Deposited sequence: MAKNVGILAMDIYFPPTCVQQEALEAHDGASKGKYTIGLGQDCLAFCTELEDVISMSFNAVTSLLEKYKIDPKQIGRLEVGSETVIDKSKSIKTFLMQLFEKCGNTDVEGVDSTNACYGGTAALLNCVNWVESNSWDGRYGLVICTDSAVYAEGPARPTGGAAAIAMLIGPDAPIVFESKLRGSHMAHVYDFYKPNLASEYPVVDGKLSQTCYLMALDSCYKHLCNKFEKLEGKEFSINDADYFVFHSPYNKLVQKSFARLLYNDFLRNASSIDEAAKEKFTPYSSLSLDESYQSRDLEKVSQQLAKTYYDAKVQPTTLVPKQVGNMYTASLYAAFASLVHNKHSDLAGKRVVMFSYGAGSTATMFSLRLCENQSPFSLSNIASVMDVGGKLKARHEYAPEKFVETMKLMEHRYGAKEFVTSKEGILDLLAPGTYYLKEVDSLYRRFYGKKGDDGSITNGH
């Protein structure tokens, strides 16, 4: 029951994508408004053949296959998502047909839901299960699957789609520092899906950031106060090697980390260099006014950029090339950190921030240990093969991407149809699950390969 945490990961995202310069040109945006403004390069999206069930299958099987895992030492399977296929029958039950011919039905877990936080909540539920009296020696399995889609408004470029599987068990290369974490949650209306027919949420763009910031502050503060009662020291951005955040878009991750450096100034931490009086015009602000001062954002970005290149920039590859993955975004960003720093990460500490509108948030700490294959940081980066998957995409022209998104609107919550395999089944990878049909009774049937 020791040092339980992530033993394995694998990632799946649709190979169908659009590129953002191409989408700046298509819509009416100044050049750089997506590439530099939002910090995004490529937008992955589900075609009519893929969904959160489909992507879940690809991520689950590929973790069990490549890590050579017996489906029968899965004691708990939990799914984090915000895409509603059915309002009563969970994604977890759909996933159970991977374990049907395996005889394994004594598995715990269901869906956890609140915006982009359910995946993290499931991960936390799962670790606490392994350290539970109810444990049975078997592996936990966590799924993060989402398709981020918006109306043709200014939020459509911030879309995405992906699925991530994580095997939870003891003596992990990725251990949880169980007590070093902090949560913040309130009742706020910054982003939510109240229109049950529509796959599109109402977004209160202003307040999305404002709420995200208040939570990131309170989470950091609570975390620092638990570091203080455990190891006697104050916590600072220099007491961690890498910071990885929920990544709805890149410019929000920039500001979020720069905001962590601002929080160090109001407590005068060892992380604030003396050349870094550049802040001091803003110490007359209350914390309510701090959130809205567009220069304090703009100032914090200036001295944190060198820190950002060292402690955040490796966490950016897949979010910058897939888009917003909701519950899975934070863990694709961590997957980017594994792929580009697997050879170094032994012994390091990585702090993780998860956010979901509503709102729910938690900042928690991982310390990485070197371990032994197949559950080793070096083998995870190999199995994820992030480089080859990014290398295996197909871009849509910006006008056919818009045509796909209008087909998805009519297929959402839709009855009685067969999916159109014309030409598209060709571009997904050999072995992937995909949606074949949904019958007159909304039942869904999937194929493979």
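If you line the structure up with the deposited chain, the stretches without a C-alpha atom are 1, 278, 452-461.
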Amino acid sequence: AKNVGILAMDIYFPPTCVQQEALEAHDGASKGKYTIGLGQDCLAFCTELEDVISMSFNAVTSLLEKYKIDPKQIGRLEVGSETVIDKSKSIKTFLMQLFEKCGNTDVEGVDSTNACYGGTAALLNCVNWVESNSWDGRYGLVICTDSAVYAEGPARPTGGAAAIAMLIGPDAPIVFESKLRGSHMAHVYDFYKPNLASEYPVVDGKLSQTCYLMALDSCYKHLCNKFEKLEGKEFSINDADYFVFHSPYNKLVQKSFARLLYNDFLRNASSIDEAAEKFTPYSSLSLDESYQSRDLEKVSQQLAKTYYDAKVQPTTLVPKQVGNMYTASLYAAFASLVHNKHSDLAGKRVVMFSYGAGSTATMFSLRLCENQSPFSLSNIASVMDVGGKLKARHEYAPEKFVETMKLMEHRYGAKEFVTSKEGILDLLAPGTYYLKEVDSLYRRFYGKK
From here on, numbers count along this sequence of modelled residues.
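Annotation for 133-141 versus 337-345: the higher mean temperature factor (C-alpha) is found in 337-345. Just going by the entry, 228-236 versus 123-131 on mean CA temperature factor gives the higher value to 228-236.
Of all the options 111, 309, 106, 146, the entry's greatest CA B-factor is assigned to 309. Taking only the listed residues 298, 187, 193, 76, the entry reports the highest CA temperature factor at 298. Annotation for residue 245: C-alpha temperature factor in the lowest third relative to the rest of the modelled chain, per the entry.
Ranked by Cα temperature factor within the chain, residue 87 sits in the lowest third according to the deposited record. Remark: residue 412 belongs to the middle third of its chain, ranked by C-alpha B-factor as recorded. Residue 39 sits in the lowest third of its chain by CA B factor, as recorded in the PDB entry. Among the modelled residues of its chain, residue 31 has a C-alpha B-factor that falls in the middle third according to the deposited record.
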